[PDB]
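A, B, C, D, E and F label the chains in the order they appear, each numbered from 1.
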Amino acid sequence: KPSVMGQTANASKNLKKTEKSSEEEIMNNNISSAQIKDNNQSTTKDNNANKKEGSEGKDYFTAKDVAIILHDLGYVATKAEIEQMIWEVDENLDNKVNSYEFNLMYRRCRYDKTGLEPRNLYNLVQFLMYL
Amino acid sequence: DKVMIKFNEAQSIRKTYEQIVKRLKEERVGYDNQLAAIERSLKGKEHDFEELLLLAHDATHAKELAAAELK
Amino acid sequence: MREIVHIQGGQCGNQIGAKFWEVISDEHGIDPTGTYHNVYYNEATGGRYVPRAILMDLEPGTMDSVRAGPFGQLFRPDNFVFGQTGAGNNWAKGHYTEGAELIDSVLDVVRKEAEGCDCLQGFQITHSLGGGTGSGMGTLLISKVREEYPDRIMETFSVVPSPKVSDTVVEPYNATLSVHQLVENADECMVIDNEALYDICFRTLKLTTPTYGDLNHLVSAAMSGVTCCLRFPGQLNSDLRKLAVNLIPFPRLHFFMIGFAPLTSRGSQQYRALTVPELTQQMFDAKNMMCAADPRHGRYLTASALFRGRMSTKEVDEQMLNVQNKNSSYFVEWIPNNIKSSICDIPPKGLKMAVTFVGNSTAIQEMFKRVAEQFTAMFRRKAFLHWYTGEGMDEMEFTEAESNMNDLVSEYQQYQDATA
Amino acid sequence: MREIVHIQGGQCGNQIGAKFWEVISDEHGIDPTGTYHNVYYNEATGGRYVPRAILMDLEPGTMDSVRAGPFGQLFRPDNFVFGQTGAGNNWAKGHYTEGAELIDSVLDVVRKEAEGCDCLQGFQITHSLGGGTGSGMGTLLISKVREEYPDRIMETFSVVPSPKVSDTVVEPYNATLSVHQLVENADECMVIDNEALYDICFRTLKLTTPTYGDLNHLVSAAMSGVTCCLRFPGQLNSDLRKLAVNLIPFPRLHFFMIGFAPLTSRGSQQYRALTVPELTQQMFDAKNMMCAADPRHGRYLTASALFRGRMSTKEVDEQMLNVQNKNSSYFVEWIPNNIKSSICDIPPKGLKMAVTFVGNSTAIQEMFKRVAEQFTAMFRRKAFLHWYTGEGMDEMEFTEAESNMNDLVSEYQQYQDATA
Amino acid sequence: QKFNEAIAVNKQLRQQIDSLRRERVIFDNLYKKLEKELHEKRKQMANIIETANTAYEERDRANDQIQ
Amino acid sequence: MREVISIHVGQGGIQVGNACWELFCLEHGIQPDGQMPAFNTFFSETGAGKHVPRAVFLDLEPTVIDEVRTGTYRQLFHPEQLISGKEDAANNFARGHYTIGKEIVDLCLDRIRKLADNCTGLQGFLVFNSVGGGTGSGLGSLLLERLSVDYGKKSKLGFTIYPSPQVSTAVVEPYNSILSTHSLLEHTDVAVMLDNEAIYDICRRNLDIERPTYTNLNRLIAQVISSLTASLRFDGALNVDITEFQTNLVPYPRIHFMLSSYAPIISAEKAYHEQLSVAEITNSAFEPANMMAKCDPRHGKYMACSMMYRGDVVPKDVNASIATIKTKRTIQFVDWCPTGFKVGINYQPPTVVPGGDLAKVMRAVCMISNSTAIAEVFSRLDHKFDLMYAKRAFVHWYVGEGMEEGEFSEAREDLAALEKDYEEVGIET
């Protein structure tokens, strides 16, 4: 169920955000929230993220690796759109994806109030942790 | 039908984006405040070093006159 | 300077040229008598300004009628290339038997008018695609002038077969025969159609009793506004070649739709304001075109705009910026800043502003395909053929004309959506 | 600024809008010709001020009659949305078959008038609940504008079925169909009725030969006084939203009764004094309302007052203090200081003072219940139904409209006496 | 017609919002550069009691020699 | 040296500031031209030798704003200090603090940013926000928040006009006032309260004019403020310090809501017939009928009192009036403050405005006091707030504007914390 799952999470979010709107229809901040967000045994996520994405292993992650992972997943690698998947969460330096940036994104998207932040890149992290 | 569905979806997306934008604005204000505070605290550093310069100079200047007399 | 020569063709082209010369005389302050009370006119002893306008046609009743109406003294008595038989709604008649014996009278007179100038930057043809004379004779003149003068820019204000009805039964044949000899040797085909012209004089203008002189006046005001940026000053001037560059990125997709503004109701001409944002509304409004092809059913390969009147340049900048901002994918995005803008520094007769929009877009390909469809229908089933085949033409050329039209449109459509 | 757009509906709404524009022109010094001899008007070249007033209706005889009378040149010739068949006193006619094909002409013109401004703070509708066109067409326009513009405030100067007689036999059906689609998408319904209007022009004003233009002038003076605090200065100004907040504590109980003052006899206009205590007497007098519901048979959920003229603020303070002091339980006491007060700084044409009282109270619930009663009577016994049922409407919607009216009134009544 | 206006407004809002998003991103890059710079000034603060202590131990020695 | 900034946010504050500046020019000798035929504190330099005030008139509703920009006082203000909105805050706090506040806050902050850069020796702020309306509540709250998070160290004296005791120009006053009180606590370092009933009584039965109006009220407030700022403007005998005001009138940072009073308020028709001695004025000084706000002098036990003497005042009549007021039993002070009196002498008499009911006299005194009576205004506002909050009224107007519901209650018991402390601090031992 490789593509249909990225479609599930998508459609669930599409309904979730409609209900989030319904809620209002009826009736150092970054780090201070990061530290408290989920601190589960993320050695699974770290070892898995390096095992599936981190090839060279120097705190650096590009679009070529995500493109080849997408193609290996039997997915139709859109030639240039994967750049947006790399970019949507890049906040310090455009074309800089650090392991610390994985921590920040993973964490802000894992434990938060609403979500909606990208809803579209860490779905792949959810997939790799899923299988 | 697909037109209206996707239009409502794009509406939700924009609402999301302005939420993210106002959040980033508030955290930018927080950055400004922390920055101003820390900059003052670090001005205190330069002042403390500058004063201890003179303190060290005085402590040496007294000893220089003491040397000749005690001998 | 930077001359124009005004050759005509067919009764359509003859009437349109007559009214265009009427408009330019009434704009430059030229009477029907030919005085002032050179970019278009010529000096003549006695203080006269003669338009270097050639009227060629296979019938003289049109010639007589254009002489009879007002502003007739403009044209001098040599440029009336007289045809006596008439092609009779037959491309073969208008292009082979009578072409190959009128070519050279027209050659002598066009060499006349061309040596009359120093630098002939561009030509001027107005003709039809459906009438035998207009179509055949006109595309033949185009071929000949493009044979001897390869450095000029060719330009045809061309009327096409009408959608709802064909004006002459062999409109499809004559039209494909005209475009097949139009594509390679005509550099800017401003596509006009009688029916869309009817629509624009009907809808927003209260005109309930129209006339052919009226449509001629409309399209001639547009025809004057397309080039009025040339003979007049301006903060940001252009020409036929800056326009041609900014309009065609490929030598094939060079057929253009045109519109001119302002045009509103007269009884309501006081209630409305009159501003440049309103000019943009007016013509980026779909209905204001002069072709039976709503361009928002396609894409804009590029588009040029030419202002008339003295206002700021902040205007044109926010103008094409705003319009690109919302109707972006109504244009094509594979080309940066696909809207070109220029300013002529003089407003129209009696009014405040004028705007001319010209567009190299991919919505006339359906016009071409409807022409080819009507053609192929009458063509396989052999409708109305001996008129073309008993006069030294073969349907091998018809097949190649049809296929060439189809080739043009296939590039048009794939360039609509080509992105990288 | 803080714009208004004046859409009309039905012959009633059309006449009222005509006379309201007459009043505002005669107040702002605008002739019937449209000059000065922008919060309401628009600039037009030639020095003209056009009211952005749209007149939509399913019949043109009303359109022709409002054009014919004085002050007709105000409205420009596009905002006459012409209907040709007429709904013929049928909510189904005026809301479904002719609605769903007039919606979009009205949409284009309202987008026209809305982009014409920078900030459109509020709308303006005047229509009926009983006439087929007025009711259906108007509540449909309300639904559509509230569909695309969720941030504006909706406001209807709505006439209801008359108590002693129904103006059209299906007044109950059309009225419940209008309120059922009014409650959720109309933000301020100023409730007016022809009979109470008759009473107020009869009793204290000597008028023995009244006319529809006269009642229109009365309600239009009131309609100008409700908002005259906006376009003019004042020591203590307000708007549509301070008013809406101070008027509705709940999004449902937002239907308002209105009155305007001063209005006395003319033969006795000299014997009486003219003071602000007298203004308070005048409208806190029961009979001065414009609705067939004496508010002292109910309770005031809250009430707002808007002055016109330059006197002190000691006035308005002792004003609402005194009135609360005696008619306390005539109001509701569960809400503190339920009377809001503001001042516009300019008096009326030729007179000294003006006062506008608006009230969010619970005495229109009986109006709603009498409408629902007439409806249910004709409804079970099936009176006058095929006119609604043979045009794509079912009585399931009638049942839900009736029940929804009843739900509204049940909240009205329980909020009358809710105390803690 | 509704569809075309919908797409128009969506494009306008999206580009307009993302521009300001990147602007605030750069404003946070300002925190990135400063936090490091003021941490360097904190390393300079660490030259207090160290160098104040050069003064203080030199004061021990000096005043002890005087006394 | 000493410069003081005044924001006039809302429709109340903006008219109060109109009168403030219209009185300031006529006092300092400035004509409305910006031309003058000391002023250090209020009037700056323009390089052409003339003066533009250091103040900003801010308001969502632009009506009074174009009133001042096309009235007669256009030549004074700088076009950079008048920014307008095209909408209001609907009298609710959320539309002025959450929705429409954010795009005006940064512009106002940039203007006062550059204005505090303009003047050299800033000493204090004066926020003028009638909280009854949405702007003067929410936008003024946000302005005070930003002022305190940027400046901080500098004192802020808020002349906030609460919802009146029982009269009201709006019904939703109780909500958008309790919510501003939260920010009013921390930010407004000292808050001199205002209400309407007492100045109404004063203007009616003290100047004998029979209709008091807002222009007269704002002129009178401007006269009080002139008596307040005379000490720094002109030279006096024993000059007082506005930072001494805080250290002497803020015994605890929890009790800093203070009230005021002025004498003499008399027409010329009784000024010609009265003696108005220095000792005599000190009696009407603490007169409870003379009181400027809804506070009862015998309700509060005076914790701090500053007296502002201006004109021909000799110190010993002052010192003996202090003795007589401390002797008679009708007044009392808190036991922990055995001496809670601070006086300031000034040799500048009150200047006169042409067209005012106010009379020129030799001696004027202005009282400003930190006491414990204000808690009654607090509880009285809480009355209306609870009476409206118990029944759900106007709740949608607040929550549909980016506001949560719990802020109503958090502000209610926030002001209840003031009511608690104000009676916990002023008891015996």
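Convention: contacts are C-beta pairs under 8 Å (C-beta built on N, C-alpha and C of every residue); 3 or more make two chains touch, one makes a residue touch a chain.
Just so we're on the same page, UniProt names per chain: C, D = Tubulin beta chain; F = Tubulin alpha chain.
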Most centrally placed chain - per-chain CA mean versus overall CA mean: D
Comparison of C-E and A-B (more C-beta pairs in contact): A-B
Centre distance in Å when chain A and chain B are each reduced to the mean of their C-alpha atoms: 31
Distance between the centres, which are taken as Cα means, of chain C (Tubulin beta chain) and chain B, whole angstrom: 68
CA centroid of chain A to CA centroid of chain D (Tubulin beta chain), Å: 54
Computed distance of Cα centres, chain E from chain C (Tubulin beta chain), in Å: 64
Multi-chain contact sites of chain B, meaning residues that touch two or more partners: 20, 27, 31
Residues of chain F (Tubulin alpha chain) touching at least two other chains: none
Contact footprint of chain B on chain A as seen in their complex: 14, 17-18, 21, 28-30, 114, 116-117
Complex interface listing, chain D (Tubulin beta chain) residues touching chain C (Tubulin beta chain): 42-46, 48, 50, 76-78
In the complex, chain E residues that touch chain B: 2-3, 6-7, 10, 13-14, 17-18, 20-21, 24-25, 27-28, 30-31, 34, 38, 41-42, 44-45, 47-48, 51-52, 54-55, 58-59, 61-63, 65-66
Contact footprint of chain A on chain B as seen in their complex: 9, 12, 15-16, 19-20, 26-27, 30-31, 34
Residues of chain D (Tubulin beta chain) touching chain F (Tubulin alpha chain) in the complex: 1-2, 118-119, 121, 233-239, 241-242, 244-246, 248-251, 302, 311-317, 320-321, 334-342, 418, 420
